[PDB]
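A.B. asks: Build me a model from this:
(3 chains)
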Amino acid sequence: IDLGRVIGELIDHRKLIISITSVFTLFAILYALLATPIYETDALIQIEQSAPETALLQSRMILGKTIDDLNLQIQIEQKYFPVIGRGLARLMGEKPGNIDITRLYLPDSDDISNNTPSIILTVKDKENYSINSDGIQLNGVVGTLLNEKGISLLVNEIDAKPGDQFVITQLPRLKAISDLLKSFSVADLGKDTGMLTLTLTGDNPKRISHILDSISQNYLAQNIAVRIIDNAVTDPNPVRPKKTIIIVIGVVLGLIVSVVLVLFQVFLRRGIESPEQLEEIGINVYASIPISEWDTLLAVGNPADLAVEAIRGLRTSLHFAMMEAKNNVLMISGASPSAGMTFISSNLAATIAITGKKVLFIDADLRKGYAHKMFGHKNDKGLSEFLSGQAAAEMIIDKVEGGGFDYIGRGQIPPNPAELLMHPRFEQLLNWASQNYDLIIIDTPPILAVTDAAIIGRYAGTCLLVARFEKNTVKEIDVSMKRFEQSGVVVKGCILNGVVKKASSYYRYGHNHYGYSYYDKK
Amino acid sequence: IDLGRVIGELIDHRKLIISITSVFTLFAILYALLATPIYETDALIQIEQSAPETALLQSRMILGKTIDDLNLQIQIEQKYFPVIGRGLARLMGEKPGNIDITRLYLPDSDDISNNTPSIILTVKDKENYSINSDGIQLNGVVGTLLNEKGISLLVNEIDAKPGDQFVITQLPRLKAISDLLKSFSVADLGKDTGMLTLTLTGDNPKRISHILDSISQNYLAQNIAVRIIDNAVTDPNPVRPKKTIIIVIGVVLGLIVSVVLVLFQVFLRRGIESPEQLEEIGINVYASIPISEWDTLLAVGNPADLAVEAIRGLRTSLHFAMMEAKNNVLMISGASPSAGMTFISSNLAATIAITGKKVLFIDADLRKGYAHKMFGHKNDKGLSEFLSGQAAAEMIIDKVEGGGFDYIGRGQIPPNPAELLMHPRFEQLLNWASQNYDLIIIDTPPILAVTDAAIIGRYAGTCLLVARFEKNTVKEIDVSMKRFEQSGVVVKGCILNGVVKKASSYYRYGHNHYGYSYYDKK
Amino acid sequence: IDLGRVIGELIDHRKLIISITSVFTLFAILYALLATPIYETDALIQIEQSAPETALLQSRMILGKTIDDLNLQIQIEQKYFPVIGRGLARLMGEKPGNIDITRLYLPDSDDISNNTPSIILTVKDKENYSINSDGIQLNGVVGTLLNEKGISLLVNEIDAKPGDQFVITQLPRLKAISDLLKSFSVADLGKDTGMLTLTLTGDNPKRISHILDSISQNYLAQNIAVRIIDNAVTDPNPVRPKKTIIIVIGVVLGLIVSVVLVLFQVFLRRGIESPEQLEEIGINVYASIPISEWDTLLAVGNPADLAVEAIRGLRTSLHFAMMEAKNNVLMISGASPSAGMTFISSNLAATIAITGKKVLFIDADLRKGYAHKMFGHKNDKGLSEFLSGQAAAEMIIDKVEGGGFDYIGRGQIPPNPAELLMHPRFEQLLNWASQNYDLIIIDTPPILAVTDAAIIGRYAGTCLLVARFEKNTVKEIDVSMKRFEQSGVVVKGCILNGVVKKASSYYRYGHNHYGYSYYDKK
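C.D. replies: Numbers count the residues shown, from 1 in each chain, chains lettered A, B, ... in the order given. I have put the structure below:
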């Protein structure tokens, strides 16, 4: 692989790459805008050492005094049902509702796991409120304390709108200490100075400054039984989430994921990429039919289609290739199902019939042939009925309206399709057809599925394989040709079908084999 | 090997990989959820150095005082018969039963090895209990102490349900010290500060906090004859087992074990992977029969089977390959036993007999031929009886009901099978059969087992080998062909049997050689 | 690639390289000249340690005293609508207007986000001024304080011109401290000395010296309740923007961007670079027509053109190449549209007609042929009308005035162009034309677009392909020739059209294939 190859692959997979990168960036931006902002407050303490003082500041004695003074064991959180309800409410300009509680004694369930009892407070108005611990409803008012059902609660100064719910947890003293200790850090900043930098993170900018002031003052009173230089102030710019580094990572992560997925699809695909791959093995490619964007025949409904023009090129190439053959019978056989053989063979018959030639189309796919459905069908007396002996040759030939050629349907699906084609009536039909027509085109099932095409190929003077652009493999075509040759059927060449324009073909090889549209635009 | 090869191997062995990875993850999750949770309590001590104080804290003098104060030599464990009975009981929400014992004097067996005497206490109710040391049953009550059979026991406040057994061990003082010392650790956390961080691990969160408080207080009283800043509190989140790192290791370990086992099976397998391996040595492969999911013949019970369609392809390939031969006798010989020769040869005779040809099936496997059992048999007068001279040719030919062809059974297993086939009656049978039939198909034993096929191959105009997909080796086929050629029998080609769809074949080679199913689904 | 190749590529892409480098340097110079200059003032303090004194200097206590003394919370900025209005005003010699404010109390909106209220002061004259916070207009005079609409303002000594607007923000105390702290740095400069180097950056050289003097004096008074050696003086040379390193980076960045863009265009282009690329595949190139700087024919309006001289070379090469051919019919077919086939074929007919030969020009591009428009047309009865049978051969032949040869127009665009060319009237026309003319030149559509040229090529004794210099690929030509050969049309060779002089061709190959102009300049 070279620079041209990888750049062509990027150009071809640009849509997948952009989609993956864009969804990654969207997730990164949604995270950076919905994650709760965490502020950081700092303070400065003058020590008259400071290494044992650092461990004393983070001790449960100093921090425990802060939990008790500020009631940090009363956890109050705004209620939001999703994991994004808090982020989007902040985006919508909704100010976070807050309630002040000074006394909270829950019945202390203290079960196997839930050591943190919780209730749900629903704001009814500015004054009164409701409480539901486990469905037990209790109505309370600011001021008057509540002592009912083993639940003591004192809510002061409800600052919110009616309908706001609040999860009120009474976490144990050690947990409240452990939460404060996890967000509280102490540094020396000079490693020799008597200066300690107390920092505290949290989602509430005002609350974390009151806590850090309490920690500094409780440590101050404890030491005198030291100087506070800078009291705790909260940085108004949140330190997390760091939006820029999250979005940039979302871009880089989306890009590298896109590349490795594209790099795998390039290294794992085995389908045909160009007619050159077939010609490298010695397989003559007579036409490359591009994908048509469009029950009528394409060569009649849209004669100017880019696919029909490539079929006209096949017509002229076949005319020079079909001379010096045994007979005027041309067999067309896809290598795999859904290769587009009936698309090519029926439109090829149309492009040759308009040239004034008498063409007979034989849908000899007794298993899955649908040429009768496509042309309009008196489905009785098809090819099956003729091979079985219950129909004459003149009774199975029909004319296509949007055609120009005669066509023979497969008939009713026989139980022994391969055995019917071996009947001598089949060769007698082709010998009779070879005298009343200029060209006989025969659709056959794929040789890698059944052997029907090998039997029919014995009576055809020219045999062509139909390969799908990306669905069929080069070796798949080579096995198909060798299977025909093993049964005495020489394949004249292959027809690549369903070619799509790709930039990687333009850089790996010097051509894309898609075809130029050519008309005066009017 | 390339990326395509390894990815195809992963796709083919995905079931083994997923099974191994899933059982590894299941074991890891069962360990992470059944291992007893171990909590960690910590304390803070202020030293006014601290390096000799660390060694004094872990001394048997300080720790020995703790063992005596809290009776740590009385080991009490809830009784569970399996290694998982404690884990699952905790999962089921069953609270662990605990009993308080203050006096435990066992008869002190002190034998060669068991220096730790043990008894089994069975809770009968809230008040009384039972005791069985070595089968000697003793009934005791909370309160009143027990002095019987040299066993002193004082159980206080039994907190459990009736039926809970308890193993009560009286371990020596040094062992109790060694157990505490193993879970007790001392650190300085500043390497200069007078701060010591005493930590203690254990399965009981309340007990380890009482022990660490005792250690701190016994060290405190001993030093004043120092300040305890933070008393021992237990972290409610267990430090072990670390579930996430155990499960993630279970995933990674299952994956790497799956890969190396798959990597060995890929590097150790020698069987045929595709018909290309045979054709690389110059062995013509006339058909690749896929594995049929299905005593009737497959070509009659299910004519539309994917295996029968590949046999129809063999029929058309054989017709073109059998012309220009000496006679109409086709010999089919597997390279190894259970290669599927009789599956192919009997179904091939059916697919050719429906074409209106007279086919004779000769089961010339006088050792293990079971064609008579498969078709319905008048087992008397088979091929053996004819070669021995006790049966006429017209008396050994039988007709298959679900057939269409005539068949000759092997007969009774002769003592000299190879010698019977050398009798001139065998060639006279084939010369007679060659005049009353269009094709004679002969089953023969594998040439690498016996020489019966080499003898029969002298009279057959066409000889084909049947190879099993993965069971037979390429060289195994090459040795079989060369052994025939060494005896004057030229093998026309090979028939690969039992092909299964594999993604690795699609990436190593450009084709899988399995065959496309082709029918209108109705 | 070698030194010659890369140097030739640089010479050929010199215009793109110079343009990119020049726009990069222009942006860098505009940045270096429009970015606001930032001055740096420094002071020297003598400490009698200095490590805790450094942290005390940057404390909010010392810096907060400076904000209050100098009213640093009153932010005054000259109003400029663009991001360059301040830079260019400084370039134009306009001195920055400044107003002195001592009292600023805004109504303190304090909404969700905007914690910094702002107003807009518009200077009306030396004495009075106007104020608009949110559209509310207020008129004030220097001296007399304003207390209206909850806005307290005291503006002293307006030094500006009437019309100058000023954004007056009252930022919070912490923000003003954070802005000063961000630009204030303290260093020791000896790491042991009692010398502290206080430095302060800012856009106002006089203001930053007053602030740093305040910081030094507030720290001096605070410490005595230390020696100031060097009072704060501002370096008159701004420390930023560093113009030289910005411009030099603009040069280097423009160069490396130019190189990588040129390096990609060289590695991504696949078009033909020289006639040697075609001859390496075995394609005979009979002429290389250079780009002509110029509805008349080029070979008549400017016979001395460099393109016409190369066509005269094609004429002499064709004369030697067209002998020993079946007939005197020459077909010319571009490989892709807009290849210049009609430019070459019509001018080639002119250069051969002046030699006294009778030439017939057949515009057989029934889809997009415009030869009739170029020569002057009685558009009725073209080639289409003749093939359809509604026009005689003698009625479709016309004479070109600026010609010398006869020409046949395409006629009205037929619905079946490819089918009309297959009519036997086409060969009868050429057989008749071959007897009344010395050479017949036939324009045809590109073979990679439609098959019209393959049909016409069957009756032409010589067939040539027209390749565009850079638009067509070598493989594109090779596919075109093989498609003709697949239809029984042998292409005699190719004609490279639109060649442009390039230095890289002179270094990769030994020639540029552009052609030397040759005339006596008079």
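A.B. asks: Please make it C-alpha for all contacts and neighbour counts, starting now.
C.D. replies: Will do.
A.B. asks: how about the residues of the stretch 151-300 of chain A near chain B?
C.D. replies: A:174, A:267-268, A:270 (C-alpha under 8 Å from any C-alpha of the partner chain).
A.B. asks: change it to 10 Å
C.D. replies: Contact residues (C-alpha under 10 Å from any C-alpha of the partner chain) of the stretch 151-300 of chain A with chain B: A:174-175, A:178, A:264, A:267-271.
A.B. asks: From these, list the buried ones, please.
C.D. replies: A:174-175, A:178, A:268, A:270-271 (16 or more other C-alpha atoms under 10 Å in any protein chain shown).
A.B. asks: Now go through the residues you listed and say which are in helices.
C.D. replies: A:174-175, A:178, A:268 (DSSP state H).
A.B. asks: Could you dump the residues of the stretch 151-300 of chain A next to chain B into JSON lines with distance to residue C:399 added?
C.D. replies: Below are these laid out as JSON lines (distance: C-alpha to C-alpha, whole Å):
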{"residue": "A:174", "distance to residue C:399": "107"}
{"residue": "A:175", "distance to residue C:399": "103"}
{"residue": "A:178", "distance to residue C:399": "102"}
{"residue": "A:264", "distance to residue C:399": "63"}
{"residue": "A:267", "distance to residue C:399": "60"}
{"residue": "A:268", "distance to residue C:399": "62"}
{"residue": "A:269", "distance to residue C:399": "58"}
{"residue": "A:270", "distance to residue C:399": "58"}
{"residue": "A:271", "distance to residue C:399": "55"}
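A.B. asks: Could you dump those into JSON lines with distance to chain C added?
C.D. replies: JSON lines is the format used below for these (distance: C-alpha to the nearest C-alpha, whole Å):
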{"residue": "A:174", "distance to chain C": "34"}
{"residue": "A:175", "distance to chain C": "32"}
{"residue": "A:178", "distance to chain C": "30"}
{"residue": "A:264", "distance to chain C": "23"}
{"residue": "A:267", "distance to chain C": "21"}
{"residue": "A:268", "distance to chain C": "25"}
{"residue": "A:269", "distance to chain C": "24"}
{"residue": "A:270", "distance to chain C": "23"}
{"residue": "A:271", "distance to chain C": "21"}
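A.B. asks: Report the two of the residues you listed separated the most.
C.D. replies: The span of those, defined through C-alpha to C-alpha, is set by A:174 and A:271 at 64.6 Å.
A.B. asks: Contact partners for the nearest residue to residue A:206 once chain neighbours are set aside?
C.D. replies: For residue A:206, ignoring the flanking residues on the chain, the nearest one in space by C-alpha to C-alpha, 6 or more residues apart in numbering or on different chains is residue A:234 at 7.1 Å. Contacts for residue A:234 (C-alpha atoms under 10 Å, 6 or more residues apart in numbering or on different chains) come out as A:39-43, A:199-202, A:204-210, A:212, C:174.
A.B. asks: Which helix or which strand is home to residue A:348?
C.D. replies: Per DSSP states H and E: residue A:348 is located in helix A:341-353.
A.B. asks: quick check, that helix touching chain C?
C.D. replies: Yes - counting by C-alpha under 10 Å from any C-alpha, chain C is contacted by helix A:341-353 at A:351-352.
A.B. asks: Next: stretch A:69-89.
C.D. replies: No - residues of stretch A:69-89 are not located near chain C by C-alpha under 10 Å from any C-alpha, the shortest gap being 12.7 Å.
A.B. asks: what's the nearest residue to residue A:454 once chain neighbours are set aside in contact with, if anything?
C.D. replies: What sits nearest to residue A:454 in space, not counting adjacent residues and going by C-alpha to C-alpha, 6+ apart, is residue A:484, at 5.8 Å. By C-alpha under 10 Å, 6+ apart, the residues touching residue A:484 are A:447-448, A:451, A:453-455, A:457-458, A:463, A:478, A:490-491, B:317.
A.B. asks: and the residue nearest to residue A:206, what are its bridge partners?
C.D. replies: residue A:41 (DSSP bridges).
A.B. asks: check whether stretch A:466-477 contacts chain B.
C.D. replies: Yes - remark: stretch A:466-477 sits within contact range of chain B at A:472-477, by C-alpha under 10 Å from any C-alpha.
A.B. asks: Which pair of these spans the longest distance?
C.D. replies: Maximum distance among the residues of stretch A:466-477 next to chain B (C-alpha to C-alpha): 8.6 Å, for A:472 and A:475.
A.B. asks: Helices of the stretch 51-200 of chain A, start to end?
C.D. replies: Using DSSP state H, counting those that start in this stretch, the helices found in the stretch 51-200 of chain A span residues A:51-57, A:60-70, A:85-91, A:173-183.
A.B. asks: Kindly reformat those as CSV containing distance to residue B:339.
C.D. replies: Shown next, in CSV, are the helices of the stretch 51-200 of chain A (distance: least, C-alpha to C-alpha, whole Å):
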stretch, distance to residue B:339
helix A:51-57, 79
helix A:60-70, 78
helix A:85-91, 67
helix A:173-183, 70
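A.B. asks: and the stretch 351-500 of chain A, which residues reach chain B?
C.D. replies: Near chain B, when you scan the stretch 351-500 of chain A using C-alpha under 10 Å from any C-alpha, you find A:366-370, A:413, A:415-416, A:418-420, A:422-423, A:445-455, A:472-479, A:483-489.
A.B. asks: Just the buried ones among those, please.
C.D. replies: Judged by 16+ other C-alpha under 10 Å, buried ones among those: A:366-370, A:413, A:418-420, A:422, A:445-455, A:472-479, A:483-484, A:486-489.
A.B. asks: Which of those residues fall in helices?
C.D. replies: Checking these against DSSP H, those in helices are A:418-420, A:452-455, A:474-479, A:483-484, A:486.
A.B. asks: now for the residues you listed, which pair is the farthest apart?
C.D. replies: A:420 and A:474 (31.4 Å).
A.B. asks: which parts of the stretch 1-150 of chain A sit against chain B?
C.D. replies: So far as C-alpha under 10 Å from any C-alpha goes, the stretch 1-150 of chain A lies against chain B at A:49-56, A:59-62, A:64, A:111-113, A:115.
A.B. asks: Buried ones from the residues you listed, can you make that a PyMOL selection?
C.D. replies: Command for PyMOL that selects the buried part of the residues of the stretch 1-150 of chain A next to chain B, burial taken from 16+ other C-alpha under 10 Å:
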select buried, chain A and resi 50+51+52+53+54+55+56+59+60+61+62+64
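A.B. asks: picking up where we left off before, state the next helix or strand along the chain beyond the helix holding residue A:348.
C.D. replies: Following helix A:341-353 toward the C-terminus (DSSP H and E): strand A:359-363.
A.B. asks: Looking at the stretch 151-300 of chain A, which residue is nearest chain C?
C.D. replies: residue A:193 (5.5 Å; C-alpha to the nearest C-alpha).
A.B. asks: Next, count neighbours for that residue.
C.D. replies: For residue A:193, the neighbour count with other C-alpha atoms under 10 Å in any protein chain shown is 20.
A.B. asks: nearest residue to it other than its sequence neighbours?
C.D. replies: Using C-alpha to C-alpha, 6+ apart, the closest residue to residue A:193 is residue C:52 (5.5 Å).
A.B. asks: ok, that neighbour touching residue A:44?
C.D. replies: No - look at residue C:52 against residue A:44 with C-alpha atoms under 10 Å: they stay out of range, at 11.2 Å.
A.B. asks: Mind listing the shared neighbours of the two?
C.D. replies: Joint contacts of residue C:52 and residue A:44 (C-alpha under 10 Å, 6+ apart) are residue A:195.
A.B. asks: Return the member of the ones in helices among the buried ones among the residues of the stretch 351-500 of chain A next to chain B nearest to chain C.
C.D. replies: Nearest member of these to chain C, counting by C-alpha to the nearest C-alpha, is residue A:474, at 19.5 Å.
A.B. asks: What residues of stretch A:277-290 count as buried?
C.D. replies: Neighbour-count burial for stretch A:277-290 [16+ other C-alpha under 10 Å]: A:277-278, A:283-290.
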